[PDB]
Structures are given as structure tokens and as C-alpha cells.
Amino acid sequence: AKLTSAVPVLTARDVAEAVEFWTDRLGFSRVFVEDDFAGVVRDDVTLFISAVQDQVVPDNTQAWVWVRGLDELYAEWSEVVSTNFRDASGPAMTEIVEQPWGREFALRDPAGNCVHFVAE
Amino acid sequence: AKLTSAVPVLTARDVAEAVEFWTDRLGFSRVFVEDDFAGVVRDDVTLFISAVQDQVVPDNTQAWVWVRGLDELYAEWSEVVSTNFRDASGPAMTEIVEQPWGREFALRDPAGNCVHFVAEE
């Protein structure tokens, strides 16, 4: 057997809100959308979004995504999402930082998920 | 820019126990292990594992993994993982089921993460 690819599952109290953000704000498309569960895709990467009732879940939910052209992606998203990660109430993103494991930025979505985008 | 691949993050109260399960039980290899965060890999799929305080989080954490040779993978893991999914006192897996979107089994790890393995079409 061969494991070929993987799909992170983001969590949200409000899945509809999360879907609108990921598609309309960040440029993903809908794979499917239900009240309790949805999927969005951009390029080779699919993310699922699952309903929860406890905010602790999204506040502890994370995913990593590999990117060719991290600067370009940051340039796109930094226009439509706050770059004040600590102070913004809405979704926000960090700057690109050179971490020991790689160059990346983190984005916090409206549900509270923390998704890291790392240069490949 | 191009989004090329993704890495799910499983959660655990005990990251070391989670790493031991995914490697010794399920045949993933260690990528890196820290006290509060770890990475394991099999074939083209990496999973991260992150420490959390509350059991509610792993009990609500999921991931999906695409597989070529789902029956073989299931056969392998059935050698060492319970197939009584409804007993939540230990890790276990469902049978392979034909869902509307694909053929898949689900595996619940010791921490409580539910990871679905779906056959490629």
C-alpha cells in the first residue's frame, strides 16, 4: 500500500462562516458544503472543516501547508487579512519568519484555527 | 504561488505515547520528536502531533488520508489494532465501508483522534 496525500480537518463552531472566509477571502473553491462538514481546495491542497460546539477545539486546531512562492501568497493574503496577529479581532496573519524548520507565516481563521504556510 | 501539500496535526495529552503508537503499531517513521510536538511519516504522508491539555480536543480532531491499496493497509493494521470500534477504551478501527464519497475505514488512535483512510478512485 501507499499513503499518497492527506487532508487536515479544521474545526469551527460556524462552518458556513469558515467556508465563506476560505473561499471568498483566501481563494479556495468549494469541494462540497454541508451544515456540519465542508471541504475547500486550492491548487493541490484540500482542507476539510468540521463543526464543533466547544471553542477550545478550534483554539487548539492547527495545520501545515507547503507552498511554492510563499512571498507571492503572503502578498495576496496580506491585502485581505489583518497583519496584526496579536491585536486583530478578525482573522489575521503573521509575517513570514525564518524558523529552524523552515520559512513560514501563520494565519488564524475566523474560527480560531492556526494554519501555517511553509516555503517548499 | 502553488499550494503543494498539507500536513494534518493530530492532538494528544501524551505526545510520546502517540508517537509510539503511530510508529511501533502503525509503521510510520519518526521525522522529529519534541516534548510537545512531533512528526511521523509513511510514504508521502506526514502527520504532526501536538500536545493539548484537554481530552475534548483529540476527541474532536480528525484527519483524512488517501491510500492506494486500502485492503492491504487494513490487513496490515488488523494484525495489531482492534476491529471493535465501539469500545472506546483503546485504539481501534472500523471496517472498510463504501461511503457516498469513497471507500474508507476510520482508525481512532490512543489519544482519540479519528483518522480516515480513503481509497483513491
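All chains are named by letter (A, B, ...) in the order of the sequence lines, taking the proteins before the strands, and each is independently numbered beginning at 1.
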If you count every heavy atom of other residues, nucleotides or ligands that lies below 6.0 Å from B:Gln99 atom CD, does the total exceed 12? yes

If you count the non-hydrogen atoms of other residues, nucleotides and ligands that lie under 6.0 Å from CD in B:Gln55, is the total more than 12?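 Count over threshold, so yes.
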
To check you understand the geometry: which heavy-atom pair defines the closest contact between B:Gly69 and A:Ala1, and what is its length?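 So the two residues come closest at O-CB, 3.4 Å.
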
State yes or no: do B:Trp66 and A:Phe32 share one hydrophobic cluster built from I, L, V, M, F, W and Y residues joined by side-chain heavy-atom distances below 4.5 Å, directly or via other members?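 Result: yes, single cluster for both.
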
Tell me, out of B:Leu73, B:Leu70, B:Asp43, who's got the most heavy-atom pairs with chain A below 4.5 Å.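 Of the candidates given, the most pairs with chain A belong to B:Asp43.
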
Heavy-atom proximity to chain B below 4.5 Å, by part of A:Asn60: both

Per the ring-ring contact (aromatic ring centres under 6.0 Å, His included) rule, what does the pair list look like for residues 4-25 of chain A, sequence neighbours excluded? A:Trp22-A:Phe28

Which of parallel (below 30°), tilted (30 to 60°) and perpendicular (above 60°) describes B:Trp64 and A:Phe48?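 Ring orientation, 0 to 90° scale: perpendicular.
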
Side chain, backbone, both or neither: which part of B:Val52 has an atom under 4.5 Å from a heavy atom of chain A?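 Contact with chain A is through the side chain of B:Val52 alone.
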
Portion of B:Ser5 that has a non-hydrogen atom of chain A nearer than 4.5 angstrom: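 Both the backbone and the side chain of B:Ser5 come within 4.5 Å of chain A.
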
[atom1]-[atom2] distance between [X] and [Y], expressed to the nearest 0.5 angstrom:
{"X": "B:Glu120", "Y": "A:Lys2", "atom1": "CD", "atom2": "NZ", "result": "9.0 Å"}
{"X": "A:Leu3", "Y": "B:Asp44", "atom1": "CG", "atom2": "CG", "result": "8.5 Å"}
{"X": "B:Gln62", "Y": "A:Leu10", "atom1": "CD", "atom2": "CG", "result": "11.0 Å"}

Those residues of residues 111-120 of chain A, ordered by number, that approach chain B below 4.5 Å (heavy atom to heavy atom):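 From residues 111-120 of chain A, the residues near chain B are A:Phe117, A:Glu120.
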
B:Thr4 versus A:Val45: any side-chain heavy-atom pair under 4.5 Å?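 Heavy-atom side-chain distance check fails, nothing below 4.5 Å.
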
Could you go through the side-chain contact (heavy atoms from CB on, under 4.5 Å) check for A:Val56 and B:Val57 one step at a time? CA-CA 7 Å; A:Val56 70; B:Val57 175; 4.2 Å; yes

